[PDB]
Every structure is written in C-alpha cells, then in structure tokens.
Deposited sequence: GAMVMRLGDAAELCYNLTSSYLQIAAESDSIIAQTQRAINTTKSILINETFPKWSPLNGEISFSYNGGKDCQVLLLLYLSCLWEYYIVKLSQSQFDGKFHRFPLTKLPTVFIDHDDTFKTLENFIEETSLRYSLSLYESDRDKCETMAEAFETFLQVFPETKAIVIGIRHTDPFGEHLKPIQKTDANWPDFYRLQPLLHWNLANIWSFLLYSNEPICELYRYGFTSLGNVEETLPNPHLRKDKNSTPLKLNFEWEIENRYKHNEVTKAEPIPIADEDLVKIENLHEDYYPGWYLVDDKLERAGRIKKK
C-alpha cells in the first residue's frame, strides 16, 4: 500500500504465515511435513533456549543478514518467534527496528546489495553494513561492529550443517578464539535445501531474483554461476518441480502486507542473459550436495 509495514505488522505477518504453513495437511513422507518439523525445531531453539537468555529487544542480539535464501527464511522464522514469544505467549520484557548486520564486500552482487536494501525497508531492519571498500576478514569486520555496539552478546546466523564447515556447529555456541567474543545463534542448522525452498516459496515474500535465474548459492560476483545441474537442454531428462503446491497456494497478502517488486539488477541481468544457456530457477534443485555447484573452476 501507501506505506511500509511497521515492525509489529511484519512480525505478525511472519507469525501468521508460519502458522499457516504448520497447518498444511501434508503426508508423513513429504517435503512439507519435514519442513514443518524443521520449523518446530527452530522455534524451540529461539523460544525455549534463546530469548529467555538474551534479549532480542535491547540490542543484546543482532541478526546477520545478506539477503540470501537461508538467512531470509531464518529472518521470517525469527520475526514469527518474536511475535509468538511476546504477544502470543505473553513473555516478560516499543521496538521499531530489528538490529541487523551485513558484512559488505567489493565483489558482492549488485542484485544482492539492492535486495538487502529493499528488504531492510520491508522488514524494518536497522541495518549496519560494514565498509565495502575496506580489506578486512569477516572476523575483523565483526570486531569493528562490536566496538560500535558493545551491548551485543549474540548474533543470529542462517548457516546450515550442509554448508562448508557446518558439520560440527551447534545451535548456541561461542565464536572461535580468533574471532571477537560473542555467542553464535544458529537455529537453522537442521534445514536442508528442499525445506528452504518449500517454506520460502509458500511465504510469498520477495526472493532475491538471482535464484529465479538459476543460482542456488550466492557467493561473490566472480566465482558464482547459475547451477550447471539446472541447465536446460534438449537431450537430458527435464526437471520436475517439487514446489508447485506451495507456489500455487502461497500465503495471500492484503493492502498492508503486499510486496513491492525487487528486480534483478541490470548489471547482473546482462551477465546472465549473455550466457548462451538457460537455467531452471534454483528451486528445481533439492540435492544439498549440489547446492554449491555453480562456481568457476579453480586450480
């Protein structure tokens, strides 16, 4: 409509859409049923283990966000859990913006930069962005962040066990010794790729449009390609879509919640359209072993 949602509207939206997903009558061997179970585990981590220990309201928690599919799903679930914890469950504790941190780099996709900005508006994020043109490690960028915000005790991260170095991660654990000292809150670890697509497509939230063009994992602009397993060709078996129901039945909006388009950036569209190959969108990939296949070959 005429104005951006307030944080309470966004949180209530996320609670309603998550609740609606949980009410889908899905077969016990389905992706949707598995995703419902994943939601419930994430909710337990946030509602039972996280919020009672660290305040999401007063700056003790910041949310790490770069606009990708995994941290976007987590943000939706996190907003749902804020609403459930405080409004539905009446837990003891107004917040206008959610403290958020993005580590920006000189080789980030322009589409992602745009999508982070536009979703920060939609979700009422209070967005800290590290310096794009400073050469520094992620740990060093977070050390600066913690100097600015020394009240921060914990940061939410949308990492999954299937990501590199994800095997041994835990839902709540300290950073390593060579990092600034804070707790990592990692409530998405048990999600797999099929779960991410199912929920994100059902949500009817805007999704970074690189995924529409066949990306399944967003690394830097030089290394990242559309996923080769999603290349269209005349000779191979055509891919089938596992998420037709979710797209057809995606959560409906009203005048407050309707979403403005977040288009692909022109500079990325030129690049993609000049591959001489076309790709299915990323949600045609459900094999976690192949999530990072769209990368330039290195020696």
Notebook entry, point to check: Can you list the gaps, in order, where the deposited sequence has no modelled residues?
Noted result: 94-102
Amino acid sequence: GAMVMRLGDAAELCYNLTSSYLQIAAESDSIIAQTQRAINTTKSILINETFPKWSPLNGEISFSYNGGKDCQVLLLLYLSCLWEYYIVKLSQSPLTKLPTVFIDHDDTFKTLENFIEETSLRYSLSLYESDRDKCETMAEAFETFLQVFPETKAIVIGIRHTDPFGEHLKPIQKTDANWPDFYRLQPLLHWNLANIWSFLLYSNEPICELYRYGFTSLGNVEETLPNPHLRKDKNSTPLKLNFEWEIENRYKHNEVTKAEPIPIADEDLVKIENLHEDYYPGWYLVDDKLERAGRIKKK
From here on, numbers count along this sequence of modelled residues.
Item checked: Entries skipping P228: at least a third of other ones -> no
Margin query: Would you say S93 is commonly dropped, meaning unmodelled in a third or more of the other compared entries that have residues on each side of it?
Written below: yes
Next item on the list: Taking the mean of the C-alpha B-factors per stretch from the entry, tell me the winner out of 126-134 and 220-228.
Entry: 126-134
Margin query: If you take the mean CA temperature factor per stretch, which one wins between 201-209 and 144-152?
Written below: 144-152
Check: Highest Cα B-factor in the PDB entry belongs to which of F165, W191, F182, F215?
Finding: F165
Notebook entry, point to check: Quick one: which of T42, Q36, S28, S62 has the biggest Cα B-factor according to the entry?
Noted result: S28
Next item on the list: For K89, return the chain-relative third of its C-alpha B-factor as stated in the PDB record: lowest, middle or highest.
Entry: highest
Next item on the list: Using the B-factor values recorded in the entry, state whether the Cα atom of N242 falls in the lowest, middle or highest third among the modelled residues of its chain.
Entry: middle
Next item on the list: Name the third of the chain's ranked CA B-factors that contains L275, choosing lowest, middle or highest.
Entry: highest
Next item on the list: Would you please rank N66 by its C-alpha temperature factor against the other modelled residues of its chain and give the third it falls in: lowest, middle or highest?
Entry: lowest
Note to self: For the chain shown, is the CA B-factor of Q173 in the lowest, middle or highest third of its modelled residues?
What the structure shows: middle
